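Enquirer: Have a look at the structure that comes next, please.
Bear in mind these aren't lab numbers, they're just calculated from the coordinates by the rules spelled out. Because the Cβ atoms are built from the backbone with ideal geometry, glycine has one as well, and the counts that use them run over all protein chains shown.
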Amino acid sequence: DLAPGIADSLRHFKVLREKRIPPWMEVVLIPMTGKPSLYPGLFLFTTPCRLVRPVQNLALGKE
Amino acid sequence: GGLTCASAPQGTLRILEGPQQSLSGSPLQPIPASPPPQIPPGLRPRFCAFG
């Protein structure tokens, strides 16, 4: 019940560059469907060599 | 200082920061669409046929 809030807080911190969260962080929250979907968990990646691309976050209005 | 075993606790308080959502929940601010290509004004027939 707290994990979407933590994921949105980390995306907020990432796109606003607030709490030394890198702007290239992948905040993945794989949800618990109760079905044979992907293995759930809040996965956070900051390592290099990943592909990353700019979109615009419409809630914040920033890239 | 005998350090006896006390009873089981009643419950659990858990303190953590809450995010502020006075900003989000607003109307969305998308990137504005680029205009469709419009014909330039002042286009005239420059080529007239010979003779």
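Enquirer: For residue B:23 and residue B:5, compute 0.36 nm times the residue count separating them, minus their Cα-Cα distance, and round to one decimal in nm.
Expert: My answer for the length gained is 1.6 nm.
Enquirer: By a straight-distance test (C-alpha under 20 Å), which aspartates and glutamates pair with residue A:62 as possible cross-link partners, with residues fewer than eight away in the same chain excluded?
Expert: Of all the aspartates and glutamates, those that pass the test against residue A:62 - Cα under 20 Å, at least 8 places apart if same chain - are A:8, A:18, A:26.
Enquirer: Which number do you get for Rg(Cα) / (2.2 N^0.38 Å) in chain B?
Expert: Relative to the rule-of-thumb radius for its length, chain B sits at 3.76.
Enquirer: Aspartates and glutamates within cross-link reach of residue A:35: Cα-Cα under 19 Å, excluding same-chain residues under 8 positions apart?
Expert: The qualifying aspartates and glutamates are A:1.
Enquirer: Let me ask you something else. Taking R0 as 22 Å, what FRET efficiency do you get between residue A:56 and residue B:38 from their Cβ-Cβ distance, rounded to the nearest 0.05?
Expert: It comes out at approximately 0.30.
Enquirer: Another question, if that's okay. How would you rank A:14, A:35, going from fewest to most other Cβ atoms within 10 Å of each one's own Cβ?
Expert: Fewest-to-most Cβ neighbours within 10 Å comes out as A:35, A:14.
Enquirer: Using only Cα atoms and rounding to the nearest 10 degrees, what angle (0 to 90) does helix A:3-16 make with the longest principal axis of chain A?
Expert: Result, in degrees: 20.
Enquirer: Within 15 Å, Cβ to Cβ, of residue A:50, how many net charges do the neighbouring residues add up to if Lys/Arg are +1 and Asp/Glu are -1?
Expert: Around residue A:50, the surrounding residues sum to +1.
Enquirer: Here is a follow-up. Averaging the inverse of every distinct alpha carbon separation and then flipping it gives the Kirkwood radius. What is it for chain A, in angstrom units?
Expert: Kirkwood hydrodynamic radius for chain A: 13.0 Å.
Enquirer: Jot down the per residue volume, in cubic angstrom and as a whole number, of the convex hull over the alpha-carbon atoms of the protein assembly as shown.
Expert: Spelled out: Cα convex hull of the protein assembly as shown, divided by residues, is 338 Å³.
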